[PDB]
Amino acid sequence: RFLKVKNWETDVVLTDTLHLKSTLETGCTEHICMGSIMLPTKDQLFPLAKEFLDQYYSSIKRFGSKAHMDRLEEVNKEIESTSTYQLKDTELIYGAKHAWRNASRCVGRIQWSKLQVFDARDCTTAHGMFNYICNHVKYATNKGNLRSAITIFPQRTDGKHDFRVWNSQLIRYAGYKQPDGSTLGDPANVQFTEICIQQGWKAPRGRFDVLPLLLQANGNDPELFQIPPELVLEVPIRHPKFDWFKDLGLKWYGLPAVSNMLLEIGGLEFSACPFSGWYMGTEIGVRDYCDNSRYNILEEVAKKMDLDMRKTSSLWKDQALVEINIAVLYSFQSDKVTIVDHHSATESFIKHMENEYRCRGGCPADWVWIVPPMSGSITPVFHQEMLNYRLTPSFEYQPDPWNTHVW
Amino acid sequence: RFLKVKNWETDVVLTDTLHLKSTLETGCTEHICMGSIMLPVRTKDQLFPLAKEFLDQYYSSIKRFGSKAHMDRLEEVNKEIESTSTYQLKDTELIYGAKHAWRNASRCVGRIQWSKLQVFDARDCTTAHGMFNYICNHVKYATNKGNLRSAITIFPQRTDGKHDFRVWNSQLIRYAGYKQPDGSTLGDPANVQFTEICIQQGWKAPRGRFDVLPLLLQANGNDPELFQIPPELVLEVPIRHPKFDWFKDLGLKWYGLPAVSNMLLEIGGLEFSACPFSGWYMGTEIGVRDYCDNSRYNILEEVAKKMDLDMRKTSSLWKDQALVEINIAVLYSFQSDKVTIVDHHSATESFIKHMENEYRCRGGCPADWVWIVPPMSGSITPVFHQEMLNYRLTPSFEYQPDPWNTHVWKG
Ligand code: HEM
Ligand code: HEM
Ligand SMILES: Fc1cccc(CCCNCCc2ccnc(-n3ccnc3)n2)c1
Ligand SMILES: Fc1cccc(CCCNCCc2ccnc(-n3ccnc3)n2)c1
Ligand SMILES: C[C@H](O)[C@H](O)[C@H]1CNc2nc(N)[nH]c(=O)c2N1
Ligand SMILES: C[C@H](O)[C@H](O)[C@H]1CNc2nc(N)[nH]c(=O)c2N1
Ligand SMILES: [Zn+2]
């Protein structure tokens, strides 16, 4: 019931008790581990509210207070009566910070308590959403000095009136198939790009075209908007040793902003809750750039380096991967845009694990996602045992809105 | 119940039915995943079901299920158990057993090779000197002058748990580690404790940075004894680099034969507590873990210095850069001396074809992603991108406690 986690590089052992608060299921059983699988009414609502409020009031040291009892009373009254309820701003902010705190796949959680939360629960239309989003983009971008933020749209009601951002991130590049058969731009987004076009977008059909926003308010058909270009901070990619690196013509955007998740607080569901922090270099340089089904540039780069691409055992892929990643970091640093390397990021997360074990009795973590996609065992998270489990408030996935939307 | 795994690079979805045969537990529950936790005297009672299930599998695999030969065997095992309390495996069953334990080892990336495994039957062995002789023969046969051959040597099974055969070394070949009075370590820090026991037991330690450890062997529950592997049987490779000439001057070498000697082999309910096995190395075992783990030889600093990388900021990726060089060096050195080795690209790609083949012929392949993905360059190998289901099948290789923690000394 009380579980140990050991670090095998340092011999440090932590006892997890937080997991005994876990609520939702993992996908594993005692016969089978699903650790590596990417995706494994009034009556329901009141227990959820209660459990949330109890943790809120305990966090502010008024557990069992009149105000605590008054609040459960009032919420209960409101559910009974209205069959949903409204969070106080303070509960909303607490909820958001804790969903991030509980996100076991996020390596950046040492920052969890410095989150700017923008309350967009008064929003009613897609123009309104667009406005909130641009303000979010500009506030978080902060001219290169990035600041974490989340903007929270109204919560689900009958599920006929959902707010959704159709983009998976606020900022991504488009994807186009050539008659050629190959893919121009980001192959991850070829479908979303199609939906934009079939909805009205005039694509410039380039390699790095910032996609339009596709915003749905109150369950209406979504609408298109171009983020003012001047709010989209982009970084040209050069290498500090290889002059020819810049001729590859690569750039990435500064703002990493996930927009397709569902935020659950005290049983309430916020289907549009775009959030943003800042990049760990490997996301772009290892995944965005070198995934086979992404920009997949390893071959072009190894070429330019004149490596022996004849046998896998020269480690030419490995060599090129490192250079690319050095360049990403160098470029963001030279242009003064916040970025973190995988060494620094994982070392900070180890320190956060320690704080969490000590002050909270644990920290849910997904080893498969936390260990960087390059140089695994030379980062300390590789050697750290982690327990993965689901605590609420949480961010969850939800189906792509195009599959659910009734047109 | 059918379970799907998906490869997110290729979109290949596979369907697992084999996990239905899984008996032992994982460590996980519906409420906690322990997929990254390293570690999450049998009675007649439990034993016949375990024998039965095994012999059913053996007879199926040979297209003789339900045959008279099948029934007579169950029959014979059943009477052997009730009367003697244990039973003896046929050679054919032992062979099938050892191969399937490898086939089922979900932390092994090398399993495309599972059906080519030389099994040495050492069940007639009685003494430590007997064990030493068996182990020398295995090393010579596996090494094969650089052209490595997978092998396993199986010592007598556990009886009452008071007469166990054990190899006290964790691997047949490993370098000594010595803690110095100033706190630094000479040689391999992973082997300081075991080195100390060898010394206590009478080993004259040369005290260098690459001293091959003696064998510490326990037969029949007796106190174990020391033997030095003939050095002519210990194939080693000096490490140099194809471009960098100062690399040789680091004075690195490694041995060629990777041989696990501390696992327990379970077959049909029998426990083989000494069952050393060996294949050949994937480059990263040595170049990433042995050389660059902080708690192992840890050469990253000295390497990067010599490369004169900017070392004052982690964001130079100086560490990542030295790491690739060292790994090229290891693969270069082995290929040049014609000692079998495989890079992590080649190995993982072969594993994916193995794993696919296993779903089509067998209905699954248990696999531990945390261990299968290589410890450098994870996502530029096809395994990173492969979903995997991990579960326990027997026959199997299991961990067991270190014998110095449990051994009852005779004097
Ligand atoms: C401050 C800098 C931050 C860093 C360096 C960071 C780092 C990361 C990384 C590397 C991932 C994995 C992404 C992937 O492989 O797809 C991730 C996922 C995630 N992060 Fe963060 N994060 C940061 C801020 C935030 C904030 C502000 C939130 C929420 C308020 C958040 C919540 C999450 C969630 C929910 C995931 C999982 C997304 C998914 O499953 O696709 N993070 N984080
Ligand atoms: C033929 C070449 C082989 C290769 C390239 C290979 C590769 C590997 C690697 C890289 C590991 C992980 C080692 C670690 O990180 O600690 C491993 C583990 C393992 N391999 Fe192999 N292997 C091979 C042959 C064998 C053979 C012959 C057997 C048994 C007959 C075997 C059974 C296992 C087992 C049981 C493990 C798990 C060890 C542990 O938990 O400590 N492998 N293999
Ligand atoms: F399980 C899955 C199957 C298919 C896709 C998927 C989502 C992968 C994308 N995760 C978010 C990537 C991303 C992008 C920008 N920013 C962040 N970000 C910002 C702060 N923390 C994360 N994260 C999961
Ligand atoms: F769960 C654990 C906690 C602590 C240590 C541990 C074992 C680590 C060593 N793994 C074996 C390494 C090794 C060495 C030589 N050869 C092989 N080898 C040969 C064939 N397959 C693997 N493997 C597990
Ligand atoms: C199959 C496997 O779960 C999948 O490839 C995972 C592996 N680890 C990951 N880790 C992170 N951070 N992000 C990812 O998208 C993935 N993908
Ligand atoms: C804590 C964690 O599970 C531990 O470091 C594991 C990670 N993955 C590994 N993978 C391999 N192949 N070998 C190992 O020793 C480990 N160690
Ligand atoms: Zn699990």
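Residues numbered from 1 in each chain as written, not as in the entry; some residues may be left out. Chains lettered and ligands numbered in written order. Heavy atoms only, no water.

**Examining the coordination of the iron atom of ligand 2**
Residues and elements named next belong to chain B. As a reminder of what qualifies: Listed donors are limited to N, O and S atoms within 2.8 Å of the metal, widened to 3.2 Å for Na, K and Ca; water is not among them, so incomplete-looking sites are possible. Irregular is the default label, applied whenever a site is not tetrahedral (four donors, all angles between 85 and 135 degrees) and neither square planar nor octahedral (four or six donors, opposite donors over 155 degrees apart, all other angles between 65 and 115). Only DSSP runs of H or I with at least four residues qualify as helices, and only runs of E with at least two residues qualify as strands; both kinds are numbered from the N terminus onward.
Looking at the iron atom of ligand 2, one finds just one donor atom contributed by the protein, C108 (SG), at 2.3 Å. Bound by six donor atoms, the iron atom of ligand 2 shows angles of 87 to 179 degrees at the metal and therefore octahedral coordination geometry. Within the secondary structure layout, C108 lies in the loop between α3 (91-103) and β3 (118-121).

**Observations regarding the pattern of salt bridges**
Applicable threshold: Definition used for salt bridges: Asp or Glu carboxyl oxygen within 4 Å of a side-chain nitrogen of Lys or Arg. Only protein chains enter the calculation, and the probe is 1.4 Å; a residue is then buried if its accessible area is under 20% of its type maximum, exposed if over 50%, and partly exposed in between.
Scanning the entire structure with this criterion turns up 44 salt bridges over all chains. Between A:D366 and A:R105 there is a salt bridge, and its shortest N-O distance comes to 3.0 Å. One end of the pair, A:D366, is in the loop between α9 (342-360) and α10 (367-370); the other, A:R105, is in the loop between α3 (89-101) and β3 (116-119), with 261 residues separating them in the sequence. A salt bridge links B:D337 to B:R240; the nearest nitrogen and oxygen atoms lie 2.9 Å apart. Of the two residues, B:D337 is situated in the loop between α8 (318-336) and β17 (341-342) and B:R240 in the loop between β10 (236-238) and β11 (253-255); the sequence distance between them amounts to 97 residues. On the accessibility criterion, B:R240 (23% relative accessible area) is partly exposed. Connected through shared salt-bridge partners, B:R42, B:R158, B:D164, B:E266 and B:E271 make up one network.

**Focus: a nonpolar patch on the surface**
Note the following rule: Candidates for patches are residues over 30% relative accessible area with no salt bridge; among them, like charges are joined within 9 Å and nonpolar side chains (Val, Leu, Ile, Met, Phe, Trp, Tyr) within 5 Å. Only the protein chains shown count as cover for residues, and the accessible areas themselves come from Shrake-Rupley with a 1.4 Å probe.
Judged by side-chain polarity, A:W8, B:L39, B:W371 and B:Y399 come together as a nonpolar surface patch covering roughly 430 Å² of accessible area. Here B:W371 lies in helix α10 (residues 369-372).

**Re the interface of chain A and chain B**
As a reminder, the rule being used: In what follows, a contact means two residues having at least one pair of non-hydrogen atoms within 4.5 Å. Accessible area that two parts lose when put together, with a 1.4 Å probe and added across both, is what the buried area reports. We define a polar contact as two N or O atoms separated by no more than 3.5 Å, with the added condition that, inside protein, one atom must be a possible hydrogen donor and the other a possible acceptor, whereas residues neighbouring each other in sequence contribute only through side-chain atom pairs. Amino acids are sorted into nonpolar (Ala, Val, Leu, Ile, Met, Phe, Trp, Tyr, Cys and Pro), charged (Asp, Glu, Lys and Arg) and polar (every other residue, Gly among them).
Facing 62 residues of chain A, the contacting portion of chain B comprises 63 residues. Approximately 5300 Å² of surface area, both sides summed, lies buried where chain A meets chain B, with 61% of it carried by carbon and sulfur atoms. There are 30 residue pairs in polar contact connecting chain A and chain B. Elements that contribute at least two residues to the side of chain A that touches chain B include exactly β1 (3-6), α6 (281-290), α8 (316-334), α9 and α10 of chain A. A total of ten residues in the side of chain A that touches chain B trace back to one element, the largest contributor, which is α8(A). Among the residues forming the side of chain A that touches chain B, the class breakdown is 28 nonpolar, 24 polar and ten charged.

**Looking at the site of ligand 4**
Basically, it comes down to this: Consider each residue's heavy atoms; a residue with any of them within 4 Å of a molecule or strand counts as near.
Within the structure, ligand 4 sits among A:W8, B:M38, B:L39, B:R107, B:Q171, B:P258, B:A259, B:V260, B:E285, B:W371 and B:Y399. Nearby residues place ligand 4 at the junction of chains A and B. Burial of ligand 4 by the surrounding chains reaches 66%, relative to a free accessible area of 560 Å². For the shell around ligand 4, the residue count by class is eight nonpolar, one polar and two charged.

**Points about the domain arrangement of chain B**
All names here are of chain B. We apply this condition: Bear in mind that the domain bounds are from an automatic or database domain assignment.
Taken domain by domain, chain B comprises domain 1 (16-123 + 150-160 + 264-278 + 348-372), domain 2 (124-149 + 164-235 + 399-403) and domain 3 (236-258 + 281-346). For domain 1 versus domain 2, the separation of C-alpha centres amounts to 27 Å. On the domain 2 side, the residues contacting the 22 residues of domain 1 number 17 residues. Of the roughly 1600 Å² buried between domain 1 and domain 2, counting both surfaces, carbon and sulfur atoms make up 60%. When residues of domain 1 are sorted by the area they lose upon contact with domain 2, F155, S273 and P276 head the list and together hold 27% of the total. Our enumeration of links across domain 1 and domain 2 arrives at one salt bridge. Notably, a salt bridge pairs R158 with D164, separated by 3.0 Å at the nearest N-O pair. Joining domain 1 to domain 2, the criterion identifies ten residue pairs in polar contact.

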